[PDB]
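Asker: turn this into a structure:
(chains A, B, C, D, E, F, G and H, ligands or ions: 12)
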Amino acid sequence: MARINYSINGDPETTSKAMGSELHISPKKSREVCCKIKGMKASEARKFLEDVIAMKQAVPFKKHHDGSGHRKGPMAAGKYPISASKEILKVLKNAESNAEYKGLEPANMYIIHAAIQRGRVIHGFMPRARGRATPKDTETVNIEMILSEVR
Amino acid sequence: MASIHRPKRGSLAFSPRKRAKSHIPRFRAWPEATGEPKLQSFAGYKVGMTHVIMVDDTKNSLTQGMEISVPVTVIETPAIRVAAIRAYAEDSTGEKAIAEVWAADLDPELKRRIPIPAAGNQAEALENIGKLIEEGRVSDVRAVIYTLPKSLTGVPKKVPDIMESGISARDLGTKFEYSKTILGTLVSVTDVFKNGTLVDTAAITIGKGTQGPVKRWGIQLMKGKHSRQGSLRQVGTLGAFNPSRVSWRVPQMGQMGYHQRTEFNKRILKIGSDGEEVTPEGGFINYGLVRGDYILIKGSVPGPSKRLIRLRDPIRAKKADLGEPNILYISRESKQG
Amino acid sequence: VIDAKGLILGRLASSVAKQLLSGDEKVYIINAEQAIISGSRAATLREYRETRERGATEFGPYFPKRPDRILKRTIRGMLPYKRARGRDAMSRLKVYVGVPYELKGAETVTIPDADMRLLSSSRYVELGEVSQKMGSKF
RNA sequence: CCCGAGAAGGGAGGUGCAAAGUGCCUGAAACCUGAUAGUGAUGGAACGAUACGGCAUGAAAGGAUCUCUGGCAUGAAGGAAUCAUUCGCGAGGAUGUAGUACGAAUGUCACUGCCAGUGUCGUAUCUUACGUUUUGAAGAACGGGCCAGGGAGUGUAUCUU
RNA sequence: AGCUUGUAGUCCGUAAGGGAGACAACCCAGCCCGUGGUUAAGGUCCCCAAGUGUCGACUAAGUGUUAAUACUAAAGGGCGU
RNA sequence: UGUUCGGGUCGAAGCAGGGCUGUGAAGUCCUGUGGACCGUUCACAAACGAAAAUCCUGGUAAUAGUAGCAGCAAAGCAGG
RNA sequence: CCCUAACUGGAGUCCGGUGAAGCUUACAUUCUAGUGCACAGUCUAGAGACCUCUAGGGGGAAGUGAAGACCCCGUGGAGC
RNA sequence: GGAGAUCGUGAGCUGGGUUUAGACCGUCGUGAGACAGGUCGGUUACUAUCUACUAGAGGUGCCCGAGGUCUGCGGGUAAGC
Ligand SMILES: [Mg+2]
Ligand SMILES: [Mg+2]
Ligand SMILES: [Mg+2]
Ligand SMILES: [Mg+2]
Ligand SMILES: [Mg+2]
Ligand SMILES: [Mg+2]
Ligand SMILES: [Mg+2]
Ligand SMILES: [Mg+2]
Ligand SMILES: [Mg+2]
Ligand SMILES: [Mg+2]
Ligand SMILES: [Mg+2]
Ligand SMILES: [Mg+2]
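Answerer: Numbering: from 1, shown residues only, chains lettered A, B, ... in the order given. Ligands and ions are numbered 1, 2, ... in the order given. Next comes the structure:
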């Protein structure tokens, strides 16, 4: 519904954070993309996410494996989370902008915290058979992202 | 229950029916030597099939002497290079590689398979293997060979296929000295197999993908009213109530084809040297034309065109010397008509 | 290093099992095919052919064929091998057929009480013959 | 003020003792995400009880003759080893040494700075969950997906003790 | 008939711990907590603490290595010993 | 509730973890958060204690990023 | 049907977006035999078992749906 | 040949019979109705969580780092009858 306290706080001297507030994206795929992009630099993470959206590089799905085949190269089951890639790209862009506004250098930032949190769910209905309506939700996700020029 | 009895669907002799672990068939056993020294194996590539009209020479056959049309299989078999000489030490556990010596001179195309061994320990490795044979540690000597498919235009590859071919001689010193003679050279298929003699053809068969139980084991389709109730190409039952588990012997889907298979008593009918003798008009379909020296094998052979075929002299050949064939007509008309 | 030539299979196995459960020594049992099993040859071969062709192919007991692996199996039976003590004891045991090359010139000790001449009958077969009649090569 | 297409949202920044930051007081568990400790791709299951160890913690609320390691005094039940004699076919027994040396614990003197505890893992022994119907339940008998809250001997009249 | 219906005693139900491989009721045992000791039942080749224990015989069949028992085959025969 | 003795913005209740006492029900204490009430002696009352009723209401999983988004009218492509 | 084969369109398989539900005390990589209320993945003794993922059809979970509608009982009903 | 596998096998199929509601024939019953009598007709629900099997992959374990060629602890066969 509203603003979120961060799970992790980097030190404010070398911290450029940015929250993706309650995106309507898939929490499983966004969680996998956040697990992949943690530890990378901002530039290489942006390049990887752009390759993900262009279907050239696949993220490895290790926790939510079902309904996903095995991708080429040295990889297990992996997919191309287009919507998660776009939303995490927007959060990464906002984090780079905050690093610019703080005088910090976005070109050396290492993503030290990048996690998802499920937000409030917009309850829906799906008209099923035999006069029954099961739910169908628009699950929201809060995307945290912390940069820092230290590692 | 008055049981109706049917033989089991498919063979359990070839399980687990998995994808074979190499494009080259491997020989698990070799026949015992019965004469002068020679390589027991050769490797070729399957081109395609044609038919010959050969006078029948098979003794005691119903159609002996009269004309017959025998479906043959032309095989493109260029020279092979005996790369290495490897000796084995036998013990309680089993045969173990005790030493090898590679030929000094080798083809430049071999780098696509393995890095080229240097021309180093040639005389000294040979004297080491001689001392090992003398003291008694050595039991058998085998030769390493590779194809040289750079000449063949119907096979897209140019990397050699490396394989072991046992030498056929009587005394291990005799085997060692013959292997010394043929080490590092090019030996044509006429120096291994003679015209009219049986062989064994092994090769990875035609892959058919993940096929179903009706095609993989030849199980029965559901019949009559059961043909259109929702399960037509599915096995009727996977097991009883007890034991509470599916047996490994139930027919099921899986990898069909691309297995290694050995065919026995495949006769040799012709030892040719020009591909225009057998190449039909328009070439072979999806292959091209024959450009090296070939051998015509009677009947079918496992694998599609272009596949590597390993030829060894027979291990369970029932019949005696068969003599030279008399081909009257190699049918080189078009395969596309 | 135990020389198992002319020794009872069970008595040697029990002695080696207690020695390994003492818990310090790596025990090599050379000449495993020359171990003795008392009883008539027909009954011995009947029991061992029944035990050989017992299990299922996906689950069942894959009882070995080699004499050294059969002696290892028999010593495995008299250990708590599913425990860490048993696992360490089975890792500290090596059985060979004949004399391996690294045990040439080594010193051996044979169990007195597990001797085969303590028996008082001609009814015995060697473990090597049972392994050979189970189809083994050794 | 910056990013954002944006009256969305985010960062920086400020009001406020405190964001308590628009169904906004405190803000549990289930459930979800991340980090730390232990273990982990040779491994056996009512998830725990008891004892002993490895790793991490042990600031407060717990100990300071408390923790670790020894000597000395008194030591209930029990009670050697070794040696000698004699018996016994023998394994061994009896007698003496000797109710000796030892022995739970109770005191005292040195010695030491950890110990109690907490989390996880391993080793040894024991346990096939809970309630119910049952002669008999781990039952292939019935009830429970999980967590929170609500949920079952109360009043009048009358008799008896 | 692990069937049905009685009677005497003792059990389970309502009974731990120790031992029979597991065992409602079979043996020791009826049990507040901690420590030490010695025994009960049963066992001592290994799994498993303690006997490759002693004496005198038997068995050659892997018989057997199964106190009670719902868990263990008879009649008959053997110049087997 | 009557009655005695009290604690609290120098921080009450509640909440998460932990130490100590008690055979135990539970009590008390400490760390963190909190922003206004809370206990105790001697007695007395009750809409007085949950682990369970295919219990009731709410929140939320695993299934699962799975089934469906196909069958009766298979409809879209180029340029701007 | 002997005896199945090839081909077409829609599903399925793979990919992008959207996106539920039903079983569920717990644990769970099993297989054999015994025992146990006499039909055990969890007990006892053995034998196997490196883990994770995808596809497959349904052997087992006395699979799920459901206070059995057959039989009996109830000093229970209704209709005739 | 016979027999076992929950008279193996309906989350595989079928639905012919038996065992629902309708109706007819015969026999019972005053009757409603009944027949271990016959006849005609009569709904087969589920998206597979765990396990087992069948195939296909990703890892770690072993290991100078990598590649290639082999061995054979084992598993399977009816590969023939
Ligand atoms: Mg969504
Ligand atoms: Mg409707
Ligand atoms: Mg009762
Ligand atoms: Mg409550
Ligand atoms: Mg009694
Ligand atoms: Mg009693
Ligand atoms: Mg008892
Ligand atoms: Mg409750
Ligand atoms: Mg589609
Ligand atoms: Mg009922
Ligand atoms: Mg009555
Ligand atoms: Mg079934």
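Asker: please count neighbours and contacts with C-alpha atoms only from this point.
Answerer: Will do.
Asker: what helix or strand is residue A:95 on?
Answerer: helix A:82-101 (DSSP states H and E).
Asker: do any residues in the helix or strand that contains residue A:47 lie close to RNA strand D?
Answerer: Secondary structure assignment for residue A:47, by DSSP H and E: helix A:42-53. No - Helix A:42-53 is not in contact with RNA strand D by C-alpha under 7 Å from any atom of the strand; minimum separation 14.0 Å.
Asker: tell me the angle of that helix relative to helix A:82-101?
Answerer: On the basis of axes from the mean of the first three to the mean of the last three C-alpha atoms, to 10 degrees, helix A:42-53 is oriented at 160 degrees to helix A:82-101.
Asker: and the helix or strand just after helix A:42-53, what other elements does it pack with?
Answerer: Using DSSP H and E, the helix or strand that follows helix A:42-53 towards the C-terminus is strand A:59-60. Under the contact definition 3 or more C-alpha pairs under 8 Å, 6 or more residues apart in numbering or on different chains; DSSP states H and E, strand A:59-60 sits against helix A:27-37, strand A:78-79.
Asker: pull the distance from strand A:59-60 to the chain's centre.
Answerer: Centroid separation for strand A:59-60 versus its chain: 12 Å, with C-alpha atoms, centre = their mean, to the nearest Å.
Asker: residues from chain C in reach of RNA strand E?
Answerer: Chain C comes close to RNA strand E at residues C:10-15, C:17-18, C:21, C:38-40, C:42-44, C:47, C:77-80, C:113-114, C:120-121, C:123, as judged by C-alpha under 7 Å from any atom of the strand.
Asker: of those, buried ones?
Answerer: Among those, those that count as buried by neighbour count (16 or more other C-alpha atoms under 10 Å in any protein chain shown) are C:10-15, C:17, C:21, C:38, C:44, C:78-80, C:114.
Asker: state the pair within the residues you listed that is farthest apart.
Answerer: C:21 and C:44 (28.5 Å; C-alpha to C-alpha).
Asker: hmm, the helix holding residue A:47 touching RNA strand G?
Answerer: No - Helix A:42-53 is not in contact with RNA strand G by C-alpha under 7 Å from any atom of the strand; minimum separation 8.3 Å.
Asker: so who does the closest residue to RNA strand E within chain B touch?
Answerer: Residue nearest to RNA strand E within chain B: residue B:243 (19.7 Å; C-alpha to the nearest atom of the strand). For residue B:243, no contacting residues are found, by C-alpha atoms under 8 Å, 6 or more residues apart in numbering or on different chains.
Asker: and what of residue B:182?
Answerer: The contact partners of residue B:182, by C-alpha under 8 Å, 6+ apart, come to residue B:82.
Asker: ok, and the closest non-adjacent residue to the residue of chain C positioned farthest from its centre?
Answerer: What lies farthest from the middle of chain C is residue C:58; by C-alpha atoms, centre = their mean that is 25.4 Å. Distance criterion C-alpha to C-alpha, 6 or more residues apart in numbering or on different chains; nearest residue to residue C:58, sequence neighbours excluded, is residue B:248 at 7.8 Å.
Asker: ok, how many other residues are close to that neighbour?
Answerer: 13 (other C-alpha atoms under 10 Å in any protein chain shown).
Asker: around RNA strand G, pick out the residues from chain A.
Answerer: Within chain A, the positions near RNA strand G by C-alpha under 7 Å from any atom of the strand are A:24-26, A:62, A:65-70, A:76-84, A:126, A:134-139.
Asker: would you show me how to pick out the buried ones of those in PyMOL?
Answerer: Buried subset of the residues of chain A next to RNA strand G, written as a PyMOL selection, criterion 16+ other C-alpha under 10 Å:
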select buried, chain A and resi 24+25+26+76+77+78+79+80+81+82+83+84+139
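Asker: tell me how many other residues crowd residue A:107.
Answerer: Residue A:107, neighbours per other C-alpha under 10 Å, totals 14.
Asker: what sits against it?
Answerer: By C-alpha under 8 Å, 6+ apart, the contact list for residue A:107 reads A:41-43.
Asker: was I right to think residue B:255 contacts residue B:16?
Answerer: No - Residue B:255 is beyond contact range of residue B:16, at 9.7 Å (criterion: C-alpha atoms under 8 Å).
Asker: of these two, which one has the most company?
Answerer: Between residue B:255 and residue B:16, residue B:255 has the larger neighbour count (other C-alpha under 10 Å), namely 18 against 10.
Asker: torsion angles phi and psi at residue B:81?
Answerer: Phi and psi for residue B:81, reported as degrees, to the nearest 10, are phi -110, psi 120.
Asker: which ones are touching the closest residue to chain B within chain A?
Answerer: Going by C-alpha to the nearest C-alpha, chain B is nearest to residue A:69 of chain A, at 16.1 Å. Counting by C-alpha under 8 Å, 6+ apart, residue A:69 makes contact with A:76-79.
Asker: dump the lengthiest helix in chain C to PDB, keeping only the CA atoms.
Answerer: With secondary structure taken from DSSP state H, chain C has its longest helix at helix C:9-22. Extracted C-alpha coordinates of helix C:9-22, given in PDB (Å, rounded to 0.1, in the frame of the first residue of the first chain):
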ATOM      1  CA  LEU C   9      36.000 -67.800   5.900                       C
ATOM      2  CA  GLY C  10      33.800 -67.000   8.900                       C
ATOM      3  CA  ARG C  11      36.500 -67.300  11.600                       C
ATOM      4  CA  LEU C  12      38.900 -65.100   9.600                       C
ATOM      5  CA  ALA C  13      36.100 -62.600   8.900                       C
ATOM      6  CA  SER C  14      35.100 -62.400  12.600                       C
ATOM      7  CA  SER C  15      38.700 -62.000  13.700                       C
ATOM      8  CA  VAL C  16      39.400 -59.200  11.100                       C
ATOM      9  CA  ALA C  17      36.100 -57.500  12.000                       C
ATOM     10  CA  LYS C  18      37.000 -57.400  15.700                       C
ATOM     11  CA  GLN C  19      40.500 -56.200  14.800                       C
ATOM     12  CA  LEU C  20      39.100 -53.400  12.600                       C
ATOM     13  CA  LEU C  21      36.600 -52.500  15.300                       C
ATOM     14  CA  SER C  22      39.600 -52.100  17.600                       C
END
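Asker: what does that helix rub up against?
Answerer: So helix C:9-22 is contacted by C:4, C:25-27, C:35-37, C:71, C:74-76, C:78-79, C:85-86, C:89, C:92-93, C:111, C:113-114, C:127 (C-alpha under 8 Å, 6+ apart).
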